Structures are given as structure tokens and as C-alpha cells.
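In the form deposited without the ligand, a lone chain appears below as C-alpha cells.
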């Protein structure tokens, strides 16, 4: 008996499920590199702007924190930040771009590319605070709480730049342990052009 080509293509791609999914799951600490890379790029966008306008530089640092009791990990930078519209458009787009992100990992406007989908893979809840570096900017929070619906709101006491808080999934709590995250962030912090701290400690030369 002959099978159809259509059916065969379905069967052959399904054969990859376990290999691909196990591989990506075992690598899921990549969200830390992605968000550190994004932070550094945002810092450099601001640095470039200021230097080019002859303006003194503020504190320019990347800060991560882990909180084992809350099961969170936070990444903050004091870089160029995002406007309310940029938050909404960028983070919405990434949250709808899962299959693109997965294909990209195997092979947009704002701080984040499709790779930021790695953060959603490990999160029950994602909070992104940002205040654009343009003078007089207000701070905003964009929130995914794991329902189908995102929320945007003014958030005062947000400092210029961007702060991401991830509440980790039930099988991802290791990323709220300093010990686990130290080795990941020690290696990756070699590759940024700014000072990087983890829980108040300097991680790169």
C-alpha cells in the first residue's frame, strides 16, 4: 500500500519531538544570556546617544537579583528604556511569536527580539518595568500573568532603563538560587561591555 507524501511529512517531523524538546528544555537557562545581552545593548544605545551629545554618563550597570523565597529572578539595566508604546508593541509581538522563536533557536522594535521568548518558557508571570531615557518620561509596567491577556499601567518610582521580574515556573525554581545562576552569569558577563552584578556582587572584570 502507498502512503501520501503529506502524511509522511507529518510523521517524519513528529519523530523529532523528543530530541528537539529535550534538547531545548535542557538549555532553557539561555533566557539569562538573552536578557543580559538585551540589557547591555540598551545601555550602549544610551551611552552612544549621550556621548554623541556631549552629556555626562549616569551609572551604567547591569544588575541581576535572585530571590529564593519568592522564586524570582530580576534583571535590571539603567539604559535607554522603552516608551509605553514600545513596551506594548515589543512584548506583545514576542509573546505571539513562539514558533518563530523556537525555529530561530534551532537555526522587531524595542529592547527585545524573538529570543526573549526564552523568558516566557520559564515564567508563570513576567513583569517588565521601563522608563525611557528621554527627559520627562513616565515609567510603565507591562505584565503577563499567564492568562490570555497582557496589561499596561503607569508605574512611578520606576528608574530610567528597564527592569524585568520573572516569577519562575514550578519546575524552574533553580533559577532563583544564587548558586545555580552564578555560574551562568559569570561566564556570560564576559561578553558585555558594562559592569554586571549579581545580588550586589560584581561578576565580570
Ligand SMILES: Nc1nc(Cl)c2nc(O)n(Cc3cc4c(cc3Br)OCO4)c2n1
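Positions refer to the first chain, counted from 1. Take the two forms, superpose them, and find the largest set of C-alpha atoms that agree within 1.5 Å; that set is the rigid core.
What comes next is about the form solved in complex with the ligand, which is not displayed.
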If we take the ligand as it sits in the deposited complex and superpose the C-alphas round its site onto this chain, is the site open or blocked, where blocked means 3 or more ligand atoms come within 2.4 Å of a backbone or C-beta atom?
-> blocked
Partner proximity in the deposited complex: residue 142 to the ligand, non-hydrogen atom cutoff 4.5 Å | yes
So in the deposited complex, does residue 110 come within 4.5 Å of the ligand, heavy atom to heavy atom?
-> no
Could you confirm whether residue 90 comes within 4.5 Å of the ligand in the deposited complex, counting heavy atoms only?
-> yes
Determine whether any heavy atom of residue 38 comes within 4.5 Å of a heavy atom of the ligand in the deposited complex, and answer yes or no.
-> yes
Any idea which of 172-180, 53-61, 39-47, 66-74 reaches within 4.5 Å of the ligand in the deposited complex, heavy atoms considered?
-> 39-47
Sequence order please: the residues of 147-177 with a heavy atom within 4.5 Å of the ligand in the deposited complex.
-> 162
Rigid core fit then residue 97 CA moved by 2 Å or more between this form and the one not shown = yes
Is residue 145 one of the residues whose C-alpha moves 2 Å or more between this form and the one not shown after the core fit?
-> yes
Taking the rigid core as the frame, does residue 170 move its C-alpha by 2 Å or more between this form and the one not shown?
-> no
Specify closer or farther for residue 63 and residue 96: how their Cα atoms are spaced in the deposited complex versus the shown form, given a shift of 3 angstroms or more.
-> farther
What changes in the deposited complex is the Cα distance between residue 20 and residue 121, by 3 Å or more; the two atoms are closer
